[PDB]
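Undergrad: A single structure is presented below for examination.
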Amino acid sequence: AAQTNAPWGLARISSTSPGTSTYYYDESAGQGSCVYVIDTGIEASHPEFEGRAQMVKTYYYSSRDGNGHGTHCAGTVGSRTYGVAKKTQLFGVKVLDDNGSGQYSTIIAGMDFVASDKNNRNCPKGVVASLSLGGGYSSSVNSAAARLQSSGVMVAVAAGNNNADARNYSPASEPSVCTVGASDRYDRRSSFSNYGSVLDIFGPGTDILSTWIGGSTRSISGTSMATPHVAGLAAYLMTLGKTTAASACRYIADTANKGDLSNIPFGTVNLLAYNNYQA
Ligand SMILES: [Ca+2]
Ligand SMILES: [Ca+2]
């Protein structure tokens, strides 16, 4: 399958080189995988989800995404037009309020929820969790992300938007999950992207077009936007049987575009998520 005039990020993850416009992907497109988007929620009604998205848990008064962040992330994972894994099943877990903020306890609860809830779902190709969120280092938040990973969920988490070492941010600093830095369309590290040794992989993070609340779309920047590319790429590659939840992060790093990024500090991986698709 080839999506012409795709969002630059989708084109980037299916190309060895920047500046392409077509997203090339196996037509399986993450069919049979599940991705939990642990965020502000998902406007499941958005036509771009094609009925493949549903809210499964909220920790606030409504399951409704009143922010747009979660819908944007979910769109990058598996919307028809803006998603890496265009046939994956999306599950919204609303751990962030409609201002996009969430208590650590709530975020931990959402990770514990996914670890259990996946046992109730039909995800024959495996389960991914996209955590486009974070704050200061928390051993309990890292431990929660480690548990979700250990339960057999491919956990992708944002490195963070601090232009600092991800070691001081959670769950970014949890070694066992897939910590995702952001790149721009010119193969630069995104100016805001966290770095450091704990980063596993970069994904497109700057000026990422995706779904938004009210059935709309918008372009926003963040390691929050890079994370769902990797989460979507994990769902995609697990559907193809190329990797498992336990090994997807390592597989994505092993199969990444190596050395394509600029402004990569010494000790940070120079690896950009890449689907290695050959028609
Ligand atoms: Ca290259
Ligand atoms: Ca890691």
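Just remember, in the structure tokens the first chain shown is A, the second B, etc., residues are 1-based per chain, and ligands are 1-based in the order shown.
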Just want the 9 Å neighbourhood of segment 152-158 of chain A, counted on only C-alpha atoms, with same-chain residues fewer than 3 positions away dropped. Output as a short mmCIF file (atom, residue, chain, number, x, y, z; two decimals) with N, CA, C and O atoms, in the first residue's frame.

TA:
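Writing the result to around36.cif gives the following:
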data_model
loop_
_atom_site.label_atom_id
_atom_site.label_comp_id
_atom_site.auth_asym_id
_atom_site.auth_seq_id
_atom_site.Cartn_x
_atom_site.Cartn_y
_atom_site.Cartn_z
N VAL A 35 -3.72 -1.00 20.17
CA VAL A 35 -2.85 0.02 20.80
C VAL A 35 -3.68 0.83 21.77
O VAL A 35 -4.60 1.50 21.35
N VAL A 114 -4.44 -0.99 31.75
CA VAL A 114 -4.12 -1.57 30.43
C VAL A 114 -3.54 -2.98 30.64
O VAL A 114 -3.87 -3.88 29.87
N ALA A 115 -2.64 -3.14 31.58
CA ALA A 115 -1.98 -4.44 31.81
C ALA A 115 -3.05 -5.50 32.04
O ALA A 115 -2.85 -6.66 31.63
N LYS A 118 -6.01 -5.71 28.74
CA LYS A 118 -5.61 -6.36 27.47
C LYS A 118 -6.04 -7.83 27.51
O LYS A 118 -6.33 -8.39 26.45
N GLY A 126 -0.95 -8.74 19.10
CA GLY A 126 -0.26 -8.21 20.28
C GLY A 126 -0.71 -6.82 20.63
O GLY A 126 -1.57 -6.25 19.93
N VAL A 127 -0.17 -6.31 21.71
CA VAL A 127 -0.73 -5.12 22.37
C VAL A 127 0.39 -4.11 22.49
O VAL A 127 1.48 -4.47 22.93
N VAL A 128 0.04 -2.86 22.24
CA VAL A 128 0.98 -1.73 22.36
C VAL A 128 0.32 -0.70 23.27
O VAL A 128 -0.90 -0.65 23.33
N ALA A 129 1.12 0.04 24.02
CA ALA A 129 0.63 1.18 24.78
C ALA A 129 1.45 2.39 24.36
O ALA A 129 2.66 2.31 24.36
N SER A 130 0.77 3.48 24.04
CA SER A 130 1.42 4.76 23.68
C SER A 130 1.19 5.72 24.83
O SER A 130 0.03 6.01 25.10
N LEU A 131 2.27 6.14 25.49
CA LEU A 131 2.20 7.04 26.65
C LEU A 131 2.86 8.35 26.26
O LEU A 131 4.03 8.55 26.59
N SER A 132 2.12 9.24 25.61
CA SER A 132 2.61 10.57 25.17
C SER A 132 2.39 11.54 26.31
O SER A 132 1.55 12.43 26.22
N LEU A 133 3.11 11.33 27.40
CA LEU A 133 2.93 12.12 28.63
C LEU A 133 4.20 12.00 29.43
O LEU A 133 5.08 11.18 29.07
N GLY A 134 4.29 12.81 30.47
CA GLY A 134 5.42 12.69 31.39
C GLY A 134 5.58 13.89 32.27
O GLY A 134 5.06 14.96 31.97
N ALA A 145 5.33 1.77 34.33
CA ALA A 145 5.62 1.53 32.90
C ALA A 145 6.36 0.20 32.75
O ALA A 145 6.12 -0.51 31.77
N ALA A 146 7.27 -0.11 33.65
CA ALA A 146 7.99 -1.40 33.63
C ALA A 146 6.99 -2.54 33.80
O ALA A 146 7.12 -3.56 33.08
N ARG A 147 6.01 -2.41 34.71
CA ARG A 147 5.00 -3.47 34.89
C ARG A 147 4.21 -3.65 33.59
O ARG A 147 4.02 -4.79 33.15
N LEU A 148 3.77 -2.55 33.00
CA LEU A 148 2.94 -2.65 31.78
C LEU A 148 3.76 -3.36 30.70
O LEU A 148 3.22 -4.24 30.05
N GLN A 149 5.03 -3.00 30.57
CA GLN A 149 5.94 -3.66 29.62
C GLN A 149 6.07 -5.15 29.98
O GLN A 149 5.95 -5.99 29.06
N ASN A 161 9.67 16.98 26.38
CA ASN A 161 9.84 18.20 25.55
C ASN A 161 10.71 19.21 26.27
O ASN A 161 10.47 20.41 26.13
N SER A 170 9.86 10.97 33.76
CA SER A 170 9.18 9.67 33.87
C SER A 170 7.89 9.75 33.08
O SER A 170 7.18 10.76 33.15
N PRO A 171 7.45 8.67 32.42
CA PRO A 171 8.17 7.40 32.42
C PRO A 171 9.35 7.31 31.44
O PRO A 171 9.86 6.24 31.20
N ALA A 172 9.74 8.42 30.85
CA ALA A 172 10.82 8.43 29.85
C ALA A 172 12.07 7.67 30.38
O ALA A 172 12.77 6.99 29.59
N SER A 176 13.09 -0.09 30.65
CA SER A 176 12.53 -1.30 30.03
C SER A 176 11.54 -0.96 28.91
O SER A 176 11.21 -1.88 28.13
N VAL A 177 11.03 0.27 28.88
CA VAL A 177 10.03 0.67 27.85
C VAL A 177 10.78 1.29 26.67
O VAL A 177 12.00 1.34 26.68
N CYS A 178 10.05 1.78 25.69
CA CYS A 178 10.65 2.36 24.47
C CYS A 178 10.53 3.86 24.59
O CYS A 178 9.42 4.39 24.44
N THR A 179 11.62 4.53 24.92
CA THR A 179 11.61 5.99 25.18
C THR A 179 11.81 6.66 23.82
O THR A 179 12.81 6.39 23.17
N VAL A 180 10.91 7.53 23.43
CA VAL A 180 10.89 8.03 22.02
C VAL A 180 11.24 9.52 22.00
O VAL A 180 10.53 10.31 22.62
N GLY A 181 12.32 9.87 21.31
CA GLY A 181 12.65 11.28 21.02
C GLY A 181 11.99 11.72 19.73
O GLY A 181 11.50 10.88 18.97
N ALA A 182 12.00 13.02 19.49
CA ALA A 182 11.30 13.64 18.34
C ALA A 182 12.33 14.15 17.35
O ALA A 182 13.31 14.77 17.78
N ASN A 194 13.78 15.81 24.34
CA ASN A 194 14.74 15.24 25.31
C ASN A 194 15.71 14.31 24.57
O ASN A 194 15.38 13.80 23.48
N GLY A 222 5.86 17.61 19.28
CA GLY A 222 6.24 17.09 20.59
C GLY A 222 6.79 15.70 20.48
O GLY A 222 6.52 15.00 19.47
N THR A 223 7.50 15.28 21.52
CA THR A 223 7.81 13.85 21.69
C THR A 223 6.48 13.10 21.86
O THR A 223 6.45 11.91 21.56
N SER A 224 5.43 13.78 22.29
CA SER A 224 4.07 13.19 22.30
C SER A 224 3.64 12.79 20.88
O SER A 224 2.74 11.93 20.74
N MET A 225 4.18 13.42 19.86
CA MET A 225 3.78 13.11 18.46
C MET A 225 4.70 12.01 17.92
O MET A 225 4.28 11.24 17.07
N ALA A 226 5.94 11.94 18.39
CA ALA A 226 6.91 10.92 17.96
C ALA A 226 6.50 9.57 18.55
O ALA A 226 6.63 8.57 17.86
N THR A 227 6.09 9.55 19.83
CA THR A 227 5.70 8.32 20.55
C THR A 227 4.67 7.51 19.75
O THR A 227 4.88 6.33 19.53
N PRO A 228 3.53 8.08 19.28
CA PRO A 228 2.56 7.27 18.55
C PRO A 228 3.06 6.74 17.21
O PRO A 228 2.53 5.75 16.74
N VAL A 230 6.02 5.49 16.80
CA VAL A 230 6.77 4.28 17.23
C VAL A 230 5.73 3.28 17.70
O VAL A 230 5.91 2.11 17.40
N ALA A 231 4.72 3.72 18.45
CA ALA A 231 3.68 2.80 18.95
C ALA A 231 3.00 2.21 17.73
O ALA A 231 2.81 1.02 17.70
N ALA A 234 5.31 -0.23 16.05
CA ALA A 234 5.36 -1.50 16.80
C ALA A 234 4.12 -2.33 16.45
O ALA A 234 4.29 -3.52 16.15
N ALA A 235 2.92 -1.73 16.49
CA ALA A 235 1.66 -2.45 16.17
C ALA A 235 1.79 -3.02 14.76
O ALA A 235 1.50 -4.21 14.54
N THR A 244 7.78 -9.00 18.62
CA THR A 244 6.79 -9.20 19.70
C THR A 244 6.85 -7.98 20.58
O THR A 244 7.76 -7.13 20.38
N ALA A 245 5.90 -7.87 21.48
CA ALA A 245 5.81 -6.72 22.40
C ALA A 245 7.13 -6.59 23.18
O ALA A 245 7.58 -5.46 23.41
N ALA A 246 7.72 -7.71 23.59
CA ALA A 246 8.90 -7.73 24.48
C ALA A 246 10.10 -7.21 23.69
O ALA A 246 11.01 -6.66 24.31
N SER A 247 10.12 -7.43 22.37
CA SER A 247 11.34 -7.19 21.56
C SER A 247 11.13 -6.06 20.54
O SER A 247 12.11 -5.77 19.82
N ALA A 248 9.93 -5.49 20.44
CA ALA A 248 9.58 -4.51 19.38
C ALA A 248 10.52 -3.29 19.46
O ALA A 248 10.98 -2.80 18.43
N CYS A 249 10.77 -2.79 20.65
CA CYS A 249 11.59 -1.59 20.79
C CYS A 249 12.99 -1.90 20.23
O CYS A 249 13.53 -1.12 19.50
#

Undergrad: Show me which residues sit within 8 Å of ligand 1 when counting only C-alpha atoms and all ligand atoms, and put them as a list in words.

TA: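 The residues near ligand 1 are residues 15, 16, 17, 18, 257, 258, 259 and 260 of chain A.
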
Undergrad: Based on the selection just made, write N, CA, C and O atoms of those residues as a PDB file, in the first residue's frame.

TA:
ATOM      1  N   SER A  15      10.891   5.513   4.677  1.00  0.00           N
ATOM      2  CA  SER A  15      11.951   5.992   3.772  1.00  0.00           C
ATOM      3  C   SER A  15      13.294   5.989   4.491  1.00  0.00           C
ATOM      4  O   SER A  15      13.322   6.344   5.681  1.00  0.00           O
ATOM      5  N   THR A  16      14.369   5.657   3.771  1.00  0.00           N
ATOM      6  CA  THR A  16      15.744   5.789   4.303  1.00  0.00           C
ATOM      7  C   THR A  16      16.156   7.253   4.306  1.00  0.00           C
ATOM      8  O   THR A  16      17.160   7.566   4.926  1.00  0.00           O
ATOM      9  N   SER A  17      15.412   8.112   3.629  1.00  0.00           N
ATOM     10  CA  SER A  17      15.846   9.504   3.397  1.00  0.00           C
ATOM     11  C   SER A  17      14.697  10.423   3.746  1.00  0.00           C
ATOM     12  O   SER A  17      13.542  10.034   3.609  1.00  0.00           O
ATOM     13  N   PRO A  18      14.978  11.657   4.188  1.00  0.00           N
ATOM     14  CA  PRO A  18      13.921  12.635   4.411  1.00  0.00           C
ATOM     15  C   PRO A  18      13.447  13.244   3.089  1.00  0.00           C
ATOM     16  O   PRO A  18      14.058  13.017   2.048  1.00  0.00           O
ATOM     17  N   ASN A 257      16.656   3.651  10.717  1.00  0.00           N
ATOM     18  CA  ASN A 257      17.610   4.506   9.987  1.00  0.00           C
ATOM     19  C   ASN A 257      18.718   4.955  10.948  1.00  0.00           C
ATOM     20  O   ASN A 257      18.431   5.709  11.886  1.00  0.00           O
ATOM     21  N   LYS A 258      19.957   4.538  10.714  1.00  0.00           N
ATOM     22  CA  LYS A 258      21.064   4.855  11.650  1.00  0.00           C
ATOM     23  C   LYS A 258      21.782   6.095  11.139  1.00  0.00           C
ATOM     24  O   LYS A 258      22.022   6.198   9.923  1.00  0.00           O
ATOM     25  N   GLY A 259      22.088   7.011  12.043  1.00  0.00           N
ATOM     26  CA  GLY A 259      22.919   8.199  11.768  1.00  0.00           C
ATOM     27  C   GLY A 259      22.254   9.241  10.867  1.00  0.00           C
ATOM     28  O   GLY A 259      22.978  10.153  10.388  1.00  0.00           O
ATOM     29  N   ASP A 260      20.945   9.185  10.639  1.00  0.00           N
ATOM     30  CA  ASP A 260      20.299  10.161   9.726  1.00  0.00           C
ATOM     31  C   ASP A 260      20.009  11.476  10.431  1.00  0.00           C
ATOM     32  O   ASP A 260      19.709  12.458   9.729  1.00  0.00           O
TER      33      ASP A 260
END

Undergrad: Mind checking which residues fall within 9 Å of residue 106 of chain A, counting only C-alpha atoms, ignoring those fewer than 6 positions away in the same chain, and posting them as a PyMOL selection string?

TA: chain A and resi 59+95-96

Undergrad: Grab the residues selected above and save them as a short mmCIF file (atom, residue, chain, number, x, y, z; two decimals), in the first residue's frame with C-alpha atoms.

TA:
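Okay, this is what ended up in out_4.cif:
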data_model
loop_
_atom_site.label_atom_id
_atom_site.label_comp_id
_atom_site.auth_asym_id
_atom_site.auth_seq_id
_atom_site.Cartn_x
_atom_site.Cartn_y
_atom_site.Cartn_z
CA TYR A 59 -10.30 8.54 35.39
CA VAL A 95 -5.56 9.45 32.45
CA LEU A 96 -5.07 13.17 31.59
#

Undergrad: Here is a test: counting only C-alpha atoms, which residue of A:203, A:110, A:19, A:7 is nearest to residue 275 of chain A?

TA: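 Counting only C-alpha atoms, the residue closest to residue 275 of chain A is A:203.
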
Undergrad: Could you name the residues that touch residue 37 of chain A at 8 Å or less, counting only C-alpha atoms, but leaving out those on the same chain fewer than 6 positions away, as a CSV table (one decimal) with N, CA and C atoms, in the first residue's frame?

TA:
chain,number,residue,atom,x,y,z
A,70,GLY,N,-5.0,13.5,23.1
A,70,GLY,CA,-5.1,12.0,22.9
A,70,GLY,C,-5.6,11.6,21.6
A,73,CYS,N,-2.7,11.9,19.2
A,73,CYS,CA,-1.8,10.8,19.4
A,73,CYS,C,-2.4,9.5,18.7
A,74,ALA,N,-3.7,9.3,19.1
A,74,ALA,CA,-4.4,8.1,18.6
A,74,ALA,C,-4.4,8.2,17.0
A,90,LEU,N,-7.8,0.8,18.3
A,90,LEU,CA,-7.3,1.8,19.3
A,90,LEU,C,-8.2,1.7,20.5
A,91,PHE,N,-7.6,1.8,21.7
A,91,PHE,CA,-8.3,1.8,23.0
A,91,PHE,C,-7.8,3.1,23.7
A,92,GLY,N,-8.8,3.9,24.0
A,92,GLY,CA,-8.5,5.1,24.8
A,92,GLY,C,-8.6,4.9,26.3
A,93,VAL,N,-7.6,5.3,27.0
A,93,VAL,CA,-7.5,5.3,28.4
A,93,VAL,C,-7.2,6.7,28.9
A,129,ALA,N,1.1,0.0,24.0
A,129,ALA,CA,0.6,1.2,24.8
A,129,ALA,C,1.5,2.4,24.4
A,130,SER,N,0.8,3.5,24.0
A,130,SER,CA,1.4,4.8,23.7
A,130,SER,C,1.2,5.7,24.8
A,131,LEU,N,2.3,6.1,25.5
A,131,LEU,CA,2.2,7.0,26.7
A,131,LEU,C,2.9,8.4,26.3

Undergrad: Of the candidates A:238, A:273, A:159, A:220, which shows the shortest atom-to-atom distance to ligand 2, using only C-alpha atoms and all ligand atoms?

TA: A:159

Undergrad: For the atom pair atom CA of residue 243 of chain A and atom CA of residue 193 of chain A, what is the interatomic distance in Å to one decimal place?

TA: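 We find that atom CA of residue 243 of chain A and atom CA of residue 193 of chain A lie 26.6 Å from each other.
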
Undergrad: Just want the 10 Å neighbourhood of residue 217 of chain A, counted on only C-alpha atoms, with same-chain residues fewer than 5 positions away dropped. Output as a list in words.

TA: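 Listed by chain and then number, they are residues 46, 48, 68, 71, 72, 75, 82, 209, 210, 211 and 212 of chain A.
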
Undergrad: For the residues in the current selection, export C-alpha atoms as a CSV table (one decimal), in the first residue's frame.

TA:
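Wrote it out as out38.csv, contents follow:
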chain,number,residue,atom,x,y,z
A,46,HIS,CA,-13.7,10.9,14.5
A,48,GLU,CA,-10.6,9.0,10.6
A,68,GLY,CA,-7.4,17.0,21.6
A,71,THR,CA,-7.1,12.1,19.7
A,72,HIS,CA,-4.0,13.6,17.9
A,75,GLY,CA,-4.7,9.6,15.0
A,82,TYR,CA,-2.6,10.2,9.7
A,209,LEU,CA,-0.6,16.5,11.2
A,210,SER,CA,-3.2,14.2,12.9
A,211,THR,CA,-6.8,14.0,14.1
A,212,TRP,CA,-8.2,16.6,16.5

Undergrad: Neighbours of segment 27-33 of chain A within 6 Å (only C-alpha atoms; same-chain residues fewer than 4 positions away dropped), as a PyMOL selection string?

TA: chain A and resi 1+85-88+123-127+235-236+239

Undergrad: Go ahead and write the residues just picked, C-alpha atoms, as a PDB file, in the first residue's frame.

TA:
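Okay, selection.pdb is ready:
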ATOM      1  CA  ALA A   1       0.000   0.000   0.000  1.00  0.00           C
ATOM      2  CA  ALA A  85      -0.991   1.319  11.665  1.00  0.00           C
ATOM      3  CA  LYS A  86      -4.150   2.127   9.716  1.00  0.00           C
ATOM      4  CA  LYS A  87      -6.055  -1.089  10.645  1.00  0.00           C
ATOM      5  CA  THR A  88      -5.052  -1.358  14.345  1.00  0.00           C
ATOM      6  CA  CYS A 123      -5.491  -8.633  20.027  1.00  0.00           C
ATOM      7  CA  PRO A 124      -4.069 -11.704  18.287  1.00  0.00           C
ATOM      8  CA  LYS A 125      -1.073  -9.755  16.883  1.00  0.00           C
ATOM      9  CA  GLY A 126      -0.257  -8.212  20.284  1.00  0.00           C
ATOM     10  CA  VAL A 127      -0.731  -5.115  22.372  1.00  0.00           C
ATOM     11  CA  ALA A 235       1.663  -2.455  16.169  1.00  0.00           C
ATOM     12  CA  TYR A 236       2.439  -2.603  12.417  1.00  0.00           C
ATOM     13  CA  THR A 239       0.979  -7.675  12.940  1.00  0.00           C
TER      14      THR A 239
END

Undergrad: Report the residues of segment 125-225 of chain A whose backbone DSSP state falls under alpha helix (DSSP H), written as a ChimeraX atom specification.

TA: /A:139-150,223-225

Undergrad: Generate a file of the selected residues that holds C-alpha atoms, formatted as an mmCIF file, in the first residue's frame.

TA:
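Dumped everything to result_10.cif:
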data_model
loop_
_atom_site.group_PDB
_atom_site.id
_atom_site.type_symbol
_atom_site.label_atom_id
_atom_site.label_comp_id
_atom_site.auth_asym_id
_atom_site.auth_seq_id
_atom_site.Cartn_x
_atom_site.Cartn_y
_atom_site.Cartn_z
ATOM 1 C CA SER A 139 10.300 5.695 40.591
ATOM 2 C CA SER A 140 6.581 4.699 40.918
ATOM 3 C CA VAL A 141 5.676 5.954 37.388
ATOM 4 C CA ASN A 142 8.763 4.175 35.914
ATOM 5 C CA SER A 143 7.823 1.018 37.890
ATOM 6 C CA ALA A 144 4.253 1.271 36.497
ATOM 7 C CA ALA A 145 5.619 1.534 32.899
ATOM 8 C CA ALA A 146 7.987 -1.401 33.628
ATOM 9 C CA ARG A 147 4.995 -3.470 34.894
ATOM 10 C CA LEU A 148 2.944 -2.652 31.778
ATOM 11 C CA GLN A 149 5.941 -3.664 29.617
ATOM 12 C CA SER A 150 6.531 -6.864 31.712
ATOM 13 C CA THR A 223 7.808 13.849 21.690
ATOM 14 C CA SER A 224 4.067 13.195 22.305
ATOM 15 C CA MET A 225 3.784 13.108 18.457
#

Undergrad: Mind giving me the straight-line distance from atom CA of residue 199 of chain A to atom CA of residue 8 of chain A in Å, one decimal?

TA: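 Interatomic distance, atom CA of residue 199 of chain A to atom CA of residue 8 of chain A: 22.0 Å.
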
Undergrad: So which residues of segment 71-247 of chain A fall under strand (DSSP E or B) by DSSP, listed as a VMD selection string?

TA: chain A and resid 89 to 94 126 to 131 135 to 136 153 to 158 165 169 to 170 178 to 183 188 to 189 195 201 to 204 208 to 212 216 to 220

Undergrad: From the set A:267, A:241, A:51, A:175, which residue has the shortest atom-to-atom contact distance to ligand 2, counting only C-alpha atoms and all ligand atoms?

TA: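 Using only C-alpha atoms and all ligand atoms, the shortest distance to ligand 2 belongs to A:175.
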
Undergrad: Using only C-alpha atoms and all ligand atoms, which of A:200, A:254, A:26, A:207 sits nearest ligand 2?

TA: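 The answer is A:200, which sits nearest to ligand 2.
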
Undergrad: Compile the contact shell of residue 14 of chain A as a ChimeraX atom specification: residues with an atom at most 6 Å away, counting only C-alpha atoms, same-chain residues fewer than 2 positions apart removed.

TA: /A:11-12,23-24,274-275

Undergrad: Smallest atom-to-atom distance to ligand 2: which of A:117, A:97, A:174, A:112, using only C-alpha atoms and all ligand atoms?

TA: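 Among the listed residues, the smallest separation from ligand 2 belongs to A:174.
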
Undergrad: Could you check the closest approach to residue 202 of chain A for each of A:9, A:47, A:78, A:135 and tell me which residue wins, using only C-alpha atoms?

TA: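 Looking at the shortest contact to residue 202 of chain A, the residue is A:9.
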